[PDB]
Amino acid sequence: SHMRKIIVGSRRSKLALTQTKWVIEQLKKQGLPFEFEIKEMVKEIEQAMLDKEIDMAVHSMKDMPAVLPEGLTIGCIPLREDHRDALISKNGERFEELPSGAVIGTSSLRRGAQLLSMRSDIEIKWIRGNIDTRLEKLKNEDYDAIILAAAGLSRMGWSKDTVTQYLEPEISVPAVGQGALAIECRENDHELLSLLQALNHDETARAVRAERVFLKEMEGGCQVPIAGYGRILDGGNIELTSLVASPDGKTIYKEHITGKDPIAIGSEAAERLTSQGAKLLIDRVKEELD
């Protein structure tokens, strides 16, 4: 019959479309009268959305801006995927087993600084590309390993054949939002917001909100050696781990805070780390990037 057709904007990568289709398939489980169509197309997707050219988009949370444009919102955060960083070694060695001088591919200062904090006798080498391109570069270029998000590999069904070691937060604190998706829509799209409600995972959303408040107060992002991971403890409180590192791994600011209110705990984590010197570090790193 004649039902509202929800237009879902997506990037064209294998991963982007996979995450988008995942979300659509989950929403279909409610069996409500909506049709979904993907429009293959964060700031451009946002402009299209404000213009009503699309109704929603699915992004990786770790790629979301600190402030959404007025009139848009994160209308849903589904159950988190794996939050962890993953090591993918060409010849199968765990992190501690890689040979002295092993070249590990990442363009993330957060990742590389944490690895250099554990081992001096490795090299961190820039790499770019979508996940599949990076895995090919590992094979065909001078890298001994790469770091990827476990979540991306999982979404694609590639983990089994790729991951050498899942990195616990104790040794690589994840990027804020890693493994979470942001489903963005118009703030006034009440019908779509109600559809999205059943997919929202409150324990994930509250943990990520804490992470995000911390990142925004620190003026962090993907280009900065900053990390934050929140989870819900068995008693119900949120625990937030916050980290800033020097690019060379020699200086590490790392704290844990526990509380009920994600805004209060994110803000406190930020204040704590800023008093210790982590904000000055961030500002200096930004001065020495292009």
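Heads up: residue numbers just count along the shown sequence, starting at 1.
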Missing residues, deposited sequence, between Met41 and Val42 (class: none, 1 to 3, 4 to 9, 10 or more): 10 or more
Mean C-alpha B-factor comparison - 119-127 and 181-189, higher one: 119-127
Per the entry, higher mean C-alpha B factor between 250-258 and 56-64: 250-258
Given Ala149, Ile77, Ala175, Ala102, the residue at which the Cα B factor reaches its maximum: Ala102
Largest Cα B-factor, entry values, listed residues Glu217, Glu81, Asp85, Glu93: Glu93
Entry-reported Cα temperature factor of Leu72, expressed as the chain third it lands in: middle
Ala227 - Cα temperature factor, lowest/middle/highest third of chain: lowest
Modelled-residue ranking by C-alpha temperature factor, third containing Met3: middle
Modelled-residue ranking by C-alpha temperature factor, third containing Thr162: highest
Third of the chain, ranked by Cα B-factor, where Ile238 sits: middle
